[PDB]
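A quick write-up on the structure given underneath.
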Amino acid sequence: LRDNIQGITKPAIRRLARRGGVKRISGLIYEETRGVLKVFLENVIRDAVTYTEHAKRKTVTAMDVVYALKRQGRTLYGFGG
Amino acid sequence: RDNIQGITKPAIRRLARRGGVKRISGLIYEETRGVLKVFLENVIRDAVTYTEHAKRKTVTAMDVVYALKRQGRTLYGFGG
Amino acid sequence: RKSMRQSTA
Amino acid sequence: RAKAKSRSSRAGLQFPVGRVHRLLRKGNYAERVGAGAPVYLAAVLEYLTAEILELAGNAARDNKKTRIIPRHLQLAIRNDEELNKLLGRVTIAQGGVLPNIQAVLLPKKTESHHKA
Amino acid sequence: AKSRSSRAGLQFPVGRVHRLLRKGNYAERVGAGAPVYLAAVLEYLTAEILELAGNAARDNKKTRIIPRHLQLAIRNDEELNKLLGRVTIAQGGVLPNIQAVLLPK
Amino acid sequence: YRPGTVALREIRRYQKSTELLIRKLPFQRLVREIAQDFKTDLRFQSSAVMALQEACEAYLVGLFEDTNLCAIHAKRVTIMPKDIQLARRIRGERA
Amino acid sequence: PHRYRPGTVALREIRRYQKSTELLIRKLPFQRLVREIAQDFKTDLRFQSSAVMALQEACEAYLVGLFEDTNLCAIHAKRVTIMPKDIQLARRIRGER
Amino acid sequence: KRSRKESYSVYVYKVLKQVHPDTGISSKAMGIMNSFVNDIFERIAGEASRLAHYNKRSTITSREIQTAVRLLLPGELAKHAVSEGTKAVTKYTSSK
Amino acid sequence: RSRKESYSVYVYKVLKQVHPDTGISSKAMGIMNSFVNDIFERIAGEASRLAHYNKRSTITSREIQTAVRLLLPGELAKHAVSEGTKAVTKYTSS
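Here the protein sequences line up with chains A, B, C, D, E, F, G, H and I, keeping their order.
Using full-length UniProt numbering, read the first sequence as starting at 23 and increasing by one per residue.
Using full-length UniProt numbering, read the second sequence as starting at 24 and increasing by one per residue.
Using full-length UniProt numbering, read the third sequence as starting at 130 and increasing by one per residue.
Using full-length UniProt numbering, read the fourth sequence as starting at 12 and increasing by one per residue.
Using full-length UniProt numbering, read the fifth sequence as starting at 15 and increasing by one per residue.
Using full-length UniProt numbering, read the sixth sequence as starting at 42 and increasing by one per residue.
Using full-length UniProt numbering, read the seventh sequence as starting at 39 and increasing by one per residue.
Using full-length UniProt numbering, read the eighth sequence as starting at 31 and increasing by one per residue.
Using full-length UniProt numbering, read the ninth sequence as starting at 32 and increasing by one per residue.
Here you go:
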């Protein structure tokens, strides 16, 4: 697709760093952040699609994402129903 | 009792050397002792709980293996 | 067997 | 027959001991669940929920709000020493990390009289 | 007569795997081909690790796999390292490695 | 002003608020592009995408906190790439 | 006389103890430490000979990993030497703190 | 033709009102509380199952759940849960 | 004389298949037996959780396959899945 990883612009990463207590950000931090977020989303979505395909379903349900995050030790509350 | 000093300076130095360290600070030993004491306390608490549950008086090695497994430190070579 | 993935083969 | 009494009322718990035992017996966690396991599980769940709800309500009253929100739950979980240890891996939707105070900006630097 | 292990061409105990499955409180009905699948996966992983460890040991003038070369094979292979990341092998130690900064010259 | 003011006020504000820092639409296209490589013509529930975004934001906030700590370790206020690299290595993601 | 410069014997010890997989903590002092720590949980608890060995193996592996992670933080600050600050940063990033 | 889904919103709002009469809770906060309830449920159940399996036992009993609570909950949090569970079991077997 | 169930045999058979001349020590044998049980536990728990997600009351070969997909890093997963499918196919035919 049209390079959608660039949809995470510098202001968004800067806000994320602000929330993380970061005081000043470097220039190359944004590329590293986009590459780490990409790697994390890759694993999460791979687990989600593995849970989906096994269910013969065409839609990635929220429970699939919850179970995927739970496998990675990133248990998420808010979508359990 | 207070026999935590059994983990002496040369022992910590060898443990660090095995970890790639080639130069250790002076205040590293009293910190490593406390870290190891906490890690032990935790694992031994888990093992003693597993043992008390089994109504046994001896802390078997498999109980220690399970206690380590709880902390994510899966130790192979003792049964699991 | 002794035939696994190329990295191991 | 005699007036049926639930198991949550006997023990004195609010959470459902019945539904707990139900999830357990057909949850494959074991072969034949004991009669006391679900009671204890429901009691512990109720105690933990009561504690976290107390902390969330305290945080809400401190923030001058009536409806508990993910903000309050996150604040309560990360403020308590033991709940954070229990829920370190957990993340909450629409939550946030503990903030810092901006008052430090005032007695260091502000806009000067230049073209004020 | 013909054992299920040999019937499937596997070496691992398909029967023992099926027994363990329907006795570890995992589910209520173990499929007919689930034990075979699990046994095959376990056999493949075991063969991989054993071959790697055996070759690492032979590289060291040995004809008998020791925990050392098991650890070496587990940590050199990225896949096995990920699978066995949090695992620790008794008498396995660590991998030889010295940071460039520590080295002289 | 210079390197010392508005960053702190932005920290305060974005830590007090809890709104999603990443835009919904650009992140949804990223998620769909990442999913493309696994299954063609895949659908995603809105709640699923929101959960993905929440998890990503939490992970990134934690990573930046660990990276701010690494920056402070070296007497530095700015976070550099090696900070995130060390944070990830000690985390065990790219050891 | 003859003495090596600072940094040669350290690398020798590294290359030596980084290839011989054997316990580095003292047997009997570690056993006594385990007994002391267990005394504060349940009085008069016997420990099988193999349980103490498993404990020692696990503790040594944990400390070796901790020192490996500490050396990285030490090199991060342009310091070849390690100090409690490095262990602090490492155990902080690990999530243990 | 209804597709009803269950939740603990009924026992959590009750607990909230009994501990905080004047303070309410939002729907999303209720969902988060339900998720926490389910997560602790799963943790305790799995711990008790594994503990029973270690002793070659096919039944999860109140003792297994008690030791699982001792193991999971940290520091000065386990004790309270164990005491509450014991006092509920004693008051349950007493036919009150 | 606690008659248990170690994998010391089948592990030895696989060793002889990959390396006929290479032996294995007792400690290495125990480590391999522990690894086998650990992987067994992991895969079985994952398959149980999968069957519970789809509300299925049975762990079929497909559940084991999907669980293996979630644990092994790719190429390892692709080879494990292939081996399992081949084994199941050969079993169904005999």
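Yeah, the Cβ is synthetic: ideal placement off N, Cα and C, and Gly gets one too.
Report task. Run down chain F in chain order and give the residues with a C-beta less than 8 angstroms from the C-beta of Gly-42 of chain A. Result -> Within the first sequence, numbered from 1, the residue matching residue 42 of chain A stands at position 20. Those within 8 angstroms of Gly-42 of chain A in chain F are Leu-101, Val-102, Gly-103, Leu-104, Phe-105, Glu-106, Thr-108 and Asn-109.
Query raised in the report: How big is the Cα-Cα spacing for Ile-47 of chain B and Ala-39 of chain B?
Result: Along the second sequence, one-based indexing puts residue 47 of chain B at 24. Along the second sequence, one-based indexing puts residue 39 of chain B at 16. Going from the Cα of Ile-47 of chain B to the Cα of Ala-39 of chain B covers about 8 angstroms.
Requested in this report: Would you please verify whether the beta carbon of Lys-57 of chain G is less than 8 angstroms from any beta carbon of chain E?
Outcome: Residue 57 of chain G sits at position 19 when you count from the first residue of the seventh sequence. Closer than 8 angstroms to some Cβ of chain E, the Cβ of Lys-57 of chain G qualifies, so yes.
Query - Cβ contact (3+ pairs, closer than 8 angstroms) linking the region 82-100 of chain F and the region 81-95 of chain A - result: yes
Query raised in the report: I think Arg-100 of chain I touches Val-112 of chain I, with their Cβ atoms under 8 angstroms apart; what is that distance to the nearest whole Å?
Result: Here residue 100 of chain I corresponds to residue number 69 of the ninth sequence, with the count starting at 1. Here residue 112 of chain I corresponds to residue number 81 of the ninth sequence, with the count starting at 1. Their Cβ separation, rounded to whole angstroms, is 7 angstroms, which keeps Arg-100 of chain I and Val-112 of chain I in contact under 8 angstroms.
Query raised in the report: Which residues in the same chain have their Cβ closer than 7 angstroms to the Cβ of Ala-114 of chain E, if we skip the five residues on either side of it in sequence?
Result: Here the question's residue 114 of chain E lines up with position 100 in the fifth sequence. Cβ within range, chain order: n/a, list empty.
Requested in this report: Could you spell out the range, first to last residue, of the alpha helix (DSSP H) harbouring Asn-95 of chain E?
Outcome: For the purposes of this step, residue 95 of chain E is taken as residue 81 along the fifth sequence, with counting starting at 1. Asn-95 of chain E -> alpha helix (DSSP H) spans 92-97.
Query raised in the report: How about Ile-125 of chain G: is its C-beta nearer than 8 angstroms to some C-beta of chain F?
Result: For this step, residue 125 of chain G is matched to residue 87 along the seventh sequence. No, because no Cβ of chain F sits closer than 8 angstroms to the Cβ of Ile-125 of chain G.
Requested in this report: Between the Cα of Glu-98 of chain F and those of A:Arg-24, A:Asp-25, A:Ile-30 and A:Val-71, spot the shortest distance and give me the residue it belongs to.
Outcome: Counting from one through the sixth sequence, the residue named residue 98 of chain F turns up at place 57. Nearest option by C-alpha distance: A:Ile-30.
Query raised in the report: So, does the CB of residue 129 of chain D fall closer than 8 angstroms to a CB anywhere in chain A?
Result: In the structure as shown, chain D starts at 12 and stops at 127, and residue 129 of chain D therefore has no counterpart that could be examined.
Report task. Just confirm the distance between the C-beta atoms of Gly-115 of chain I and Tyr-51 of chain E, as a whole number of angstroms; I'd bet it's less than 8 angstroms. Result -> As a first step, residue 115 of chain I is located in the ninth sequence; it is residue number 84 there, counting from the start. As a first step, residue 51 of chain E is located in the fifth sequence; it is residue number 37 there, counting from the start. So it is a contact: roughly 4 angstroms between Cβ atoms.
Requested in this report: At 8 angstroms on the CB atoms, spell out the chain G contacts of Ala-128 of chain F, in chain order.
Outcome: What you label residue 128 of chain F is simply residue 87 of the sixth sequence in a count that begins at 1. Those are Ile-131, listed as they occur along chain G.
Query raised in the report: Taking C-alpha atoms, which residue in D:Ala-54, D:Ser-17, D:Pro-27 and D:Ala-71 lies nearest to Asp-52 of chain H?
Result: Stepping through the eighth sequence from its first residue, residue 52 of chain H is reached at position 22. Comparing Cα positions, the closest option is D:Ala-71.
Query raised in the report: Where does the unbroken alpha helix (DSSP H) through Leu-93 of chain G begin, and where does it stop?
Result: Against the seventh sequence, residue 93 of chain G aligns to sequence position 55. Taken as a continuous stretch (DSSP letters only), the alpha helix (DSSP H) holding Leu-93 of chain G covers 87-114.
Requested in this report: Could you list which residues in chain E have their beta carbon closer than 7 angstroms to that of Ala-41 of chain D, in chain order?
Outcome: Sequence index remark: in the fourth sequence, residue 41 of chain D carries index 30 (1-based). Result: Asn-39.
Requested in this report: Report the three-state DSSP secondary structure of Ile-47 of chain A (helix, strand or coil).
Outcome: As a position in the first sequence, residue 47 of chain A is number 25, starting the count at 1. DSSP places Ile-47 of chain A in strand when its eight states are reduced to three.
Query - Below-8 angstroms beta-carbon distance, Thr-72 of chain B vs any chain H residue - result: For the purposes of this step, residue 72 of chain B is taken as the residue at position 49 of the second sequence. Cβ-Cβ to chain H under 8 angstroms: yes for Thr-72 of chain B.
Query raised in the report: Closer than 8 angstroms, CB to CB, is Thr-97 of chain I near chain A or not?
Result: Position 66 of the ninth sequence holds residue 97 of chain I. Yes - at least one Cβ of chain A is within 8 angstroms of the one on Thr-97 of chain I.
Query raised in the report: Using a Cβ cut-off of 8 angstroms, which residues of the region 67-84 of chain E contact any Cβ in chain B, in chain order?
Result: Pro-81
Query - 8 angstroms Cβ cutoff met for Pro-49 of chain E and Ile-62 of chain I - result: As a working note, residue 49 of chain E is residue 35 in the fifth sequence. As a working note, residue 62 of chain I is residue 31 in the ninth sequence. Against a cut-off of 8 angstroms, the Cβ pair of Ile-62 of chain I and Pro-49 of chain E comes out as no contact.
Query raised in the report: Can you tell me whether DSSP reads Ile-52 of chain G as helix, strand or coil?
Result: As a first step, residue 52 of chain G is located in the seventh sequence; it is residue number 14 there, counting from the start. If DSSP states are grouped into helix, strand and coil, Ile-52 of chain G belongs with the helices.
Query - Proximal residues of chain D, C-beta to C-beta of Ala-92 of chain F below 9 angstroms - result: In the sixth sequence, the residue the question calls residue 92 of chain F occupies position 51. In chain order: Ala-104.
Query raised in the report: Could you give the distance in angstroms between the alpha-carbon of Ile-74 of chain I and the alpha-carbon of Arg-132 of chain F?
Result: Here the question's residue 74 of chain I lines up with position 43 in the ninth sequence. Here the question's residue 132 of chain F lines up with position 91 in the sixth sequence. If I take the Cα positions, the gap works out to 24 angstroms.
Report task. Determine the burial state of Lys-119 of chain D: buried for a count of at least 16 other Cβ atoms within 10 Å of its Cβ, exposed for fewer. Result -> As a working note, residue 119 of chain D is residue 108 in the fourth sequence. Its Cβ having fewer than 16 others within 10 Å, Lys-119 of chain D is exposed.
Requested in this report: Flag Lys-45 of chain B as yes if its beta-carbon sits less than 8 angstroms from any beta-carbon of chain G, otherwise no.
Outcome: Here the question's residue 45 of chain B lines up with position 22 in the second sequence. By this cut-off, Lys-45 of chain B is an interface position.
Requested in this report: For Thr-74 of chain B, name the three-state secondary structure that DSSP assigns.
Outcome: Here residue 74 of chain B is taken as the residue at index 51 of the second sequence, counted from 1. It is helical.
Query raised in the report: Tell me which same chain residues have a C-beta within less than 7 angstroms of the C-beta of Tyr-73 of chain B, skipping the five on either side of it?
Result: By 1-based counting over the second sequence, the position of residue 73 of chain B is 50. Taken in chain order, the residues that qualify are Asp-86, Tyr-89 and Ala-90.
Requested in this report: Below 8 angstroms on the Cβ atoms is my guess for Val-31 of chain D versus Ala-22 of chain D; work out the distance and round it to an integer in Å.
Outcome: To locate residue 31 of chain D, count along the fourth sequence from 1; it is residue 20. To locate residue 22 of chain D, count along the fourth sequence from 1; it is residue 11. With 8 angstroms as the limit, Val-31 of chain D and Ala-22 of chain D do not qualify as a contact, their Cβ atoms being about 11 angstroms apart.
Query raised in the report: Going straight from the alpha carbon of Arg-130 of chain F to that of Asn-109 of chain F, what length do you get?
Result: Taking the sixth sequence and counting its residues from 1, the one referred to as residue 130 of chain F is at position 89. Taking the sixth sequence and counting its residues from 1, the one referred to as residue 109 of chain F is at position 68. Cα to Cα, the separation comes out at about 15 angstroms.
Query - Helix, strand or coil at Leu-24 of chain D according to DSSP, with G and I counted as helix - result: The count along the fourth sequence starts at 1 and reaches residue 24 of chain D at position 13. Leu-24 of chain D: coil per DSSP, three-state reduction.
Query raised in the report: Can you find a C-beta in chain A that's less than 8 angstroms from the C-beta of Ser-37 of chain H?
Result: Translated into positions along the eighth sequence, residue 37 of chain H becomes position 7. Output row for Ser-37 of chain H: interface = yes.
Query - Beta-carbon proximity list for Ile-95 of chain H, same chain, < 6 angstroms, skipping 5 on both sides - result: As a position in the eighth sequence, residue 95 of chain H is number 65, starting the count at 1. So the list reads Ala-78, once near-sequence residues are dropped.
Query raised in the report: Out of curiosity, what's the CA-to-CA distance linking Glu-106 of chain F and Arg-135 of chain G?
Result: Here residue 106 of chain F is taken as the residue at index 65 of the sixth sequence, counted from 1. Here residue 135 of chain G is taken as the residue at index 97 of the seventh sequence, counted from 1. For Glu-106 of chain F and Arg-135 of chain G, the distance between alpha carbons rounds to 13 angstroms.
Report task. Check the C-beta distance from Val-118 of chain G over to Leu-117 of chain E and give it rounded, since I have them as a contact under 8 angstroms. Result -> As a working note, residue 118 of chain G is residue 80 in the seventh sequence. As a working note, residue 117 of chain E is residue 103 in the fifth sequence. Not quite, the Cβ-Cβ distance comes to about 10 angstroms (not below 8 angstroms), so this is no contact.
Requested in this report: At 8 angstroms on the CB atoms, spell out the chain J contacts of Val-49 of chain I, in chain order.
Outcome: Absent here is chain J; the protein component of the structure consists of chains A, B, C, D, E, F, G, H and I.
Query raised in the report: In or out: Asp-25 of chain A buried (at least 16 other Cβ within 10 Å) or exposed?
Result: Reading the first sequence from its first residue, position 3 is the one you call residue 25 of chain A. So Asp-25 of chain A counts as exposed.
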